[PDB]
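Everything on this sheet refers to the single structure shown next.
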Amino acid sequence: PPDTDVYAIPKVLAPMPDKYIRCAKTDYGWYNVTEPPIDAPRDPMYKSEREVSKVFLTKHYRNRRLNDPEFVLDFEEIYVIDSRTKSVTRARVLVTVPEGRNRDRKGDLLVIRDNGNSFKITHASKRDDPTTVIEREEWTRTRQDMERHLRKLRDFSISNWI
Amino acid sequence: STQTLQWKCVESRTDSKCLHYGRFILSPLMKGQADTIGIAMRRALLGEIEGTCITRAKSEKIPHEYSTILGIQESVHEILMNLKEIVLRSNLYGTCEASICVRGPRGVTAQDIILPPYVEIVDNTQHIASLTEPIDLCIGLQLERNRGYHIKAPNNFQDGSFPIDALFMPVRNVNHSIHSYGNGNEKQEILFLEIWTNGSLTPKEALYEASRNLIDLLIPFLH
Amino acid sequence: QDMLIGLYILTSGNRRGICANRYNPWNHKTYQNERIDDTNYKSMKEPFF
Amino acid sequence: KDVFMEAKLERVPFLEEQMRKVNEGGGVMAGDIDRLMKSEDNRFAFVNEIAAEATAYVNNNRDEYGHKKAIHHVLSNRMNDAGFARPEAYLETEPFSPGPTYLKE
Amino acid sequence: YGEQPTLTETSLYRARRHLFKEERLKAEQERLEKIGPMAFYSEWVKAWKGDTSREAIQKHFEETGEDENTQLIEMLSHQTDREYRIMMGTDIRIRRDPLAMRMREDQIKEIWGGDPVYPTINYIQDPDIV
Numbered sequence: 163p164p165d166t167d168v169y170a171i172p173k174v175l176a177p178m179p180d181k182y183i184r185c186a187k188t189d190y191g192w193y194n195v196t197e198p199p200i201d202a203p204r205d206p207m208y209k210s211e212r213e214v215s216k217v218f219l220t221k222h223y224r225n226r227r228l229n230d231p232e233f234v235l236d237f238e239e240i241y242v243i244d245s246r247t248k249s250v251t252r253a254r255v256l257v258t259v260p261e262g263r264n265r266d267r268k269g270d271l272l273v274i275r276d277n278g279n280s281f282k283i284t285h286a287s288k289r290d291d292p293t294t295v296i297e298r299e300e301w302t303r304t305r306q307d308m309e310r311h312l313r314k315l316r317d318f319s320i321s322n323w324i
Numbered sequence: 009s010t011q012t013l014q015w016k017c018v019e020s021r022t023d024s025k026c027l028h029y030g031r032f033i034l035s036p037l038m039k040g041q042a043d044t045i046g047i048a049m050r051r052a053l054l055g056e057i058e059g060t061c062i063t064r065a066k067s068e069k070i071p072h073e074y075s076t077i078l079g080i081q082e083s084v085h086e087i088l089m090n091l092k093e094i095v096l097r098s099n100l101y102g103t104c105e106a107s108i109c110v111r112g113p114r115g116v117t118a119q120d121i122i123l124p125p126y127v128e129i130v131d132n133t134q135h136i137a138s139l140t141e142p143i144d145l146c147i148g149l150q151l152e153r154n155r156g157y158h159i160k161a162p163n164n165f166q167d168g169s170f171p172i173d174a175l176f177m178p179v180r181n182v183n184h185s186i187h188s189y190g191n192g193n194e195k196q197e198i199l200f201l202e203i204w205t206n207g208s209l210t211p212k213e214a215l216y217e218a219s220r221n222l223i224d225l226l227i228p229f230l231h
Numbered sequence: 533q534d535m536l537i538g539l540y541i542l543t544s545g546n547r548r549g550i551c552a553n554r555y556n557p558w559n560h561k562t563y564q565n566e567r568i569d570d571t572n573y574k575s576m577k578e579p580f581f
Numbered sequence: 063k064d065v066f067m068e069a070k071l072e073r074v075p076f077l078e079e080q081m082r083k084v085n086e087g088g089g090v091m092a093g094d095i096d097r098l099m100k101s102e103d104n105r106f107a108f109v110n111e112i113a114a115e116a117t118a119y120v121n122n123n124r125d126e127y128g129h130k131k132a133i134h135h136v137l138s139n140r141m142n143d144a145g146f147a148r149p150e151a152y153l154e155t156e157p158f159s160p161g162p163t164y165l166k167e
Numbered sequence: 260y261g262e263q264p265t266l267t268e269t270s271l272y273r274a275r276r277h278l279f280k281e282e283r284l285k286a287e288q289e290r291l292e293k294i295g296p297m298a299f300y301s302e303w304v305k306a307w308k309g310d311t312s313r314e315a316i317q318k319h320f321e322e323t324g325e326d327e328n329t330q331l332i333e334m335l336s337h338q339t340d341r342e343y344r345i346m347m348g349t350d351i352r353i354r355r356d357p358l359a360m361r362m363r364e365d366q367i368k369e370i371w372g373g374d375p376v377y378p379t380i381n382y383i384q385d386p387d388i389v
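Chains as they are written, first to last, in the deposited numbering: chain K, 163 to 324; chain O, 9 to 231; chain C, 533 to 581; chain P, 63 to 167; chain G, 260 to 389.
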């Protein structure tokens with residue numbers, strides 16, 4: 163438990179490496195910004211603390227160095243450290259690149275998705291714009307609400323237009 | 009009849025190298041003149057003055073803006089962001105060329121911008137990038153000078169130039185106010201103008217330029 | 533009333549979803565698609581003030 | 063070590079116009095009264111002390127008050143002993159007035 | 260879906276009006292580029308039986324020193340008041356959608372549903388009677 167001396171081995175849900183692997187440490191946080199009450203003058207008007215919930219660990223490409231001019235992350239092997247239920251799992255990354263097994267590792271953009279579950283690898287040229295991703299979920303999530311709202315009308319069966 | 013029209017400045021303060029504040033008072037004006045003058049001069053001051061700034065940048069061996077290079081602590085998008093707020097003073101028409109060809113694990117400032125003599129840098133403390141590796145970088149700038157409300161479409165996609173679409177502001181805020189006085193039979197009025205400016209233009213030259221550029225438009229009605 | 537309406541209109545935001553785009557942004561197209569990333573690059577996107 | 067040294071200290075510009083409207087609206091006096099009352103326990107005692115000091119001011123140098131508003135005089139005197147320039151009696155001038163009276167909106 | 264709009268299609272177009280209006284306005288503006296100002300500002304200027312095309316405009320500019328700015332001014336000189344007032348709908352800051360200022364009388368009459376059953380001639384008076 164957070165900052166406690168009582169130790170216990172975690173739950174293993176997948177095979178783990180038995181050698182020395184040089185990997186990188188990630189995180190998945192929200193930055194809660196709840197607004198606390200004001201008691202005295204000059205009391206803070208807002209709060210902030212990270213809520214890391216998933217620590218992915220991505221192996222280096224054949225365990226290279228940090229400064230050598232061949233730095234590439236090995237996205238095939240990624241291990242997920244959950245927080246809600248203490249456990250370590252190996253990721254199930256997917257590759258849609260037509261090159262398949264034989265490819266250039268100097269740039270293969272990795273896409274993570276909902277709650278650290280989906281995992282895809284795509285060529286770095288076809289990276290989605292920041293606005294397109296935001297507009298994509300907004301369009302999908304609000305088209306369901308509009309359809310749900312319009313479902314109660316008597317003419318919903320004979321209709322069109324979205 | 010008496011006290012013909014004139015302008016006088018009481019407050020004129022330069023805070024920093026790229027900040028300029030001025031306030032100006034007009035002469036006895038009749039009723040209603042102050043509003044029209046303030047509105048017209050504010051509309052002219054906001055955008056009428058040509059502003060000289062970069063528009064493009066030719067980065068070599070970078071195919072997309074999210075392709076930050078090792079040795080530079082600022083991403084390519086951040087390099088453009090830094091090369092968006094640079095201040096230049098000039099009287100150019102059209103365009104020119106520039107370059108940044110250095111190799112040193114050190115800081116880079118505005119002095120690195122090779123410029124023709126008719127474009128001069130306004131500040132010297134502005135930062136561009138943060139080099140920390142012995143690598144060679146090349147960014148071919150392209151200056152330009154348009155009017156206030158100029159709308160330009162992206163072009164020249166062949167060589168991989170990254171648009172740095174800018175504001176062309178020498179001004180930053182204009183604030184007009186009026187005062188009025190009555191001697192019992194005469195409603196003498198007064199105008200107050202407050203001008204901020206980028207730095208490539210003293211905020212008194214703005215008073216002259218934004219009036220000349222409006223008189224130029226109003227003259228052809230006498231033709 | 534009046535100041536409240538002014539402040540509400542000021543802090544009202546953009547149009548979130550289907551009220552800002554007629555067609556879905558999934559719409560696999562307009563990628564400037566070819567085998568290389570050397571094509572027309574407009575990318576209107578949004579300003580980066 | 064904490065990287066917020068200057069991000070929280072960058073000077074806000076364009077403040078010159080939001081320095082004046084405080085001065086003719088009585089904002090400086092209003093923001094000085096509360097700072098004078100920031101240490102007082104009972105506000106009524108503070109008000110009575112101010113009134114008595116103003117009465118003494120009127121008595122000692124009678125032939126000056128009627129314009130200076132001796133209450134403003136004592137408030138300025140108390141605010142002027144800890145910095146806080148606060149011109150005498152909070153007197154207002156008309157720097158640009160070749161006329162007798164402003165319209166006052 | 261059929262012949263008449265349903266009560267759900269109307270309540271959805273009520274949500275997405277501005278998108279279709281923007282598409283119409285964008286198409287109208289894009290027409291100006293290909294057509295040119297001379298021919299575009301000729302629908303509202305009747306009684307000008309010219310060429311209105313940026314092919315013979317160049318021929319006229321070769322024949323006479325008038326460019327593609329004085330021919331436009333010359334056409335915009337027999338406009339008549341009513342035609343100019345109607346043309347003003349294409350103003351850069353009024354922005355009337357092209358569908359509105361071109362709807363037939365029949366379509367406009369359907370906004371309030373045809374003529375009133377009780378004749379309006381019973382209400383109309385003359386402002387200069389005793």
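No residue lacks a Cβ here, since even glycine has one placed at the ideal position from N, Cα and C.
Whole-Å CB distance - residue i paired with residue j, under 8 Å assumed
i	j	result
O:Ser208	O:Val130	5 Å
P:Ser138	P:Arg124	With 8 Å as the limit, P:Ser138 and P:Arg124 do not qualify as a contact, their Cβ atoms being about 19 Å apart.
O:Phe200	O:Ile33	6 Å
O:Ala42	O:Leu222	Not confirmed; about 16 Å, so no contact.
P:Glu115	P:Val136	5 Å
8 Å Cβ shell around residue i - same chain, five flanking residues per side excluded
i	result
O:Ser138	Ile80, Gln81, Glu82, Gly115, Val116
O:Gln119	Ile129, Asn132
G:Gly261	none
Proximity test, Cβ basis, 7 Å: residue i and chain O
i	result
P:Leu165	yes
Residue interval of the beta strand (DSSP E) (run including residue i)
i	result
O:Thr44	It is not in any beta strand (DSSP E) - O:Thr44 instead sits in the alpha helix (DSSP H) that spans 41-54.
O:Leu199	195-205
O:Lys16	16-21
K:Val234	No beta strand (DSSP E) contains K:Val234, which DSSP labels as neither H nor E.
O:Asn183	179-190
K:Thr302	K:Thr302 -> not in any beta strand (DSSP E); alpha helix (DSSP H) instead, spanning 292-312.
Residues near residue i by beta carbon distance below 6 Å, same chain, minus five either side
i	result
O:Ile147	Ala65, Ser67, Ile108
O:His85	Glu73
Beta-carbon spacing of residue i, residue j below 7 Å
i	j	result
O:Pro178	O:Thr205	yes
C:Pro557	K:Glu297	yes
K:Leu312	G:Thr265	no
O:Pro125	O:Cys104	no
O:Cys61	O:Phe170	no
Contact with chain G by residue i, beta-carbon distance below 7 Å
i	result
C:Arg548	no
K:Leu312	yes
C:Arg554	yes
beta-carbon residue i near the ligand COA non-hydrogen atom, thresh 6 Å
i	result
O:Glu68	The ligand COA is absent from the structure shown, which contains no ligand whatsoever.
Any C-beta of chain P under 7 Å from that of residue i
i	result
O:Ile186	no
O:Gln196	yes
C-beta neighbour in chain C for residue i, strict 7 Å
i	result
G:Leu284	no
K:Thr284	no
G:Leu291	no
O:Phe176	no
G:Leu271	no
Opening and closing residue of the alpha helix (DSSP H) in which residue i lies
i	result
O:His85	84-90
K:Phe318	Note, K:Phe318: premise wrong, no alpha helix (DSSP H); not H, not E.
O:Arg220	213-226
O:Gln150	Per DSSP, O:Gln150 belongs to no alpha helix (DSSP H); it is in the beta strand (DSSP E), 145-154.
P:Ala118	105-122
K:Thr284	Element bounds for K:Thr284: not the alpha helix (DSSP H) but the beta strand (DSSP E), 281-285.
K:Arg252	From DSSP, K:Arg252 is part of no alpha helix (DSSP H) but of the beta strand (DSSP E) over 249-252.
G:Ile367	364-368
CB contact below 7 Å: residue i versus chain K
i	result
C:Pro557	yes
G:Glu268	yes
G:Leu358	no
Same chain, Cβ closer than 7 Å to residue i, neighbours up to 5 away in sequence not counted
i	result
K:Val217	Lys187, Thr188, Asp189, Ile243
K:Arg212	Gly191, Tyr193
G:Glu342	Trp303, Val304, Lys305
O:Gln11	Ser35, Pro36
O:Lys39	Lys195, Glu197
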